[PDB]
Visitor: 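Before anything else, here's the structure in question.
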Amino acid sequence: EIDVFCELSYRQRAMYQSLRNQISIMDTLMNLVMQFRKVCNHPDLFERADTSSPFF
DNA sequence: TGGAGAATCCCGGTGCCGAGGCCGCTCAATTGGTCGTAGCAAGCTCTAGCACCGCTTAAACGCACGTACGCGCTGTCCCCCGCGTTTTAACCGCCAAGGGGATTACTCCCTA
C-alpha cells in the first residue's frame with residue numbers, strides 16, 4: 001500500500017476555500033462534505049470549465 | 001320486365017386467445033361487547049296556507065279582412081359522388097434510452 005499525497009491545485013483551493021467560507025455561517029455540513037469531496041476529485045465536477053469570453 | 005354484374009350472404013374450415021375455472025392467502029368482512037347519542041315520540045305555538053266574498057279592469061276572445069309569407073313548380077348548374085390511378089404514411093416489429101422511483105449506504109444533528 002503506497003500513499004500518494006498531492007496538494008489542492010490553485011483552482012481547487014479557490015473552490016475549496018470559498019466553499020469552506022460557508023462554515024463561517026453554517027455549522028448542511030453533510031452537504032458541504034460532499035462538495036468538498038467533489039473539488040477534492042476534480043473541480044469540473046463542481047463547476048465544469050467551458051469556452052468563455054469577456055463580459056458583454 | 002330482364003339481365004348482367006357487382007355486392008352481400010352463408011356455409012365450412014382453421015386458429016388462437018381469451019374467457020371461465022382452479023388455487024393460495026389475506027385481509028377485510030363478520031362476531032361480540034361497550035358507550036354515546038341522535039333522531040324519534042309528545043307536546044306547545046302560532047304561521048301561513050286555504051277558503052270565501054265583492055269590486056275593478058284589463059286581459060282574453062270571437063270575427064272581420066287583408067296581405068304577407070309558405071310551398072309547390074320550373075330551370076340551371078355546379079359541385080360533390082363514384083370509381084380508377086397514384087403515392088404516402090399508417091401500422092407493426094424490434095431495439096434503444098433513459099428516466100424515473102424505491103431500496104440501501106453513511107454521516108451529521110435534532111429531539112425526546
Side-chain angles (χ1 to χ4, degrees):
Chain A
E1 292 204 68
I2 301 188
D3 207 339
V4 181
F5 301 101
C6 198
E7 292 69 31
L8 294 185
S9 181
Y10 68 88
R11 191 183 175 217
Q12 284 173 303
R13 75 187 184 255
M15 304 294 88
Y16 199 111
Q17 200 62 233
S18 62
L19 180 63
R20 202 186 73 94
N21 188 49
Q22 304 307 322
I23 301 176
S24 72
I25 300 172
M26 311 309 298
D27 183 11
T28 289
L29 176 61
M30 190 54 177
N31 166 283
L32 295 176
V33 303
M34 198 59 69
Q35 302 203 54
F36 292 132
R37 287 169 81 183
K38 286 173 190 173
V39 311
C40 293
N41 280 24
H42 199 296
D44 284 342
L45 299 177
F46 176 49
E47 294 191 326
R48 181 61 184 238
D50 195 15
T51 178
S52 68
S53 73
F55 175 65
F56 175 65

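So that the names make sense, note that chain A is the first sequence line, chain B the second, and so on, each numbered from 1.
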Visitor: Taking the same atom, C1', in B/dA6 and in B/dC83, what whole-Å distance lies between them?
Guide: 13 Å
Visitor: Expressed in whole Å, how much space separates the P atoms belonging to B/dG3 and B/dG82?
Guide: 27 Å
Visitor: Write down the distance separating the P atoms in B/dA28 and B/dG32, rounded off to the nearest Å.
Guide: 22 Å
Visitor: What is the distance, rounded to the nearest whole Å, between atom CE of A/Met34 and atom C1' of B/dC108?
Guide: 12 Å
Visitor: Give me the stems containing DNA chain B, sorted by first residue, counting only three or more consecutive Watson-Crick or G-U pairs with both distances under 3.5 Å; say none if there aren't any.
Guide: none
Visitor: Provide, to the nearest angstrom, the distance between the CZ atom belonging to A/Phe36 and the P atom belonging to B/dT107.
Guide: 18 Å
Visitor: What is the distance from CE of A/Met30 to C1' of B/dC108, rounded to the nearest Å?
Guide: 7 Å
Visitor: Starting from A/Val33, can I reach A/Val39 by hopping between I/L/V/M/F/W/Y residues whose side chains sit under 4.5 Å apart?
Guide: no
Visitor: Quick one: A/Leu32 CG to B/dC106 P, roughly how many Å, whole number?
Guide: 21 Å
Visitor: Is there a chain of hydrophobic side chains (I, L, V, M, F, W, Y, each step under 4.5 Å between heavy atoms) that links A/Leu19 to A/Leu8?
Guide: yes
Visitor: List the atom of A/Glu47, the atom of A/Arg11, and the distance in Å for their closest heavy-atom pair.
Guide: O-NH2, 2.7 Å
Visitor: Which pairs pass salt bridge (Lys or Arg N to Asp or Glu O under 4.0 Å) with one or both residues in residues 22-41 of chain A, sequence neighbours excluded?
Guide: none
Visitor: To the nearest 0.5 Å, tell me how far A/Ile23 CD1 sits from A/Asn21 CG.
Guide: 9.0 Å
Visitor: With north meaning a positive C1'-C2'-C3'-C4' (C3'-endo side) and south a negative one (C2'-endo side), sort B/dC94 into one of the two.
Guide: north
Visitor: At their closest point, which heavy atom of A/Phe46 faces which heavy atom of A/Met15, and how far apart are they?
Guide: CD2-SD, 3.9 Å
Visitor: In whole Å, what is the span from the CD atom of A/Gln22 to the P atom of B/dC108?
Guide: 18 Å
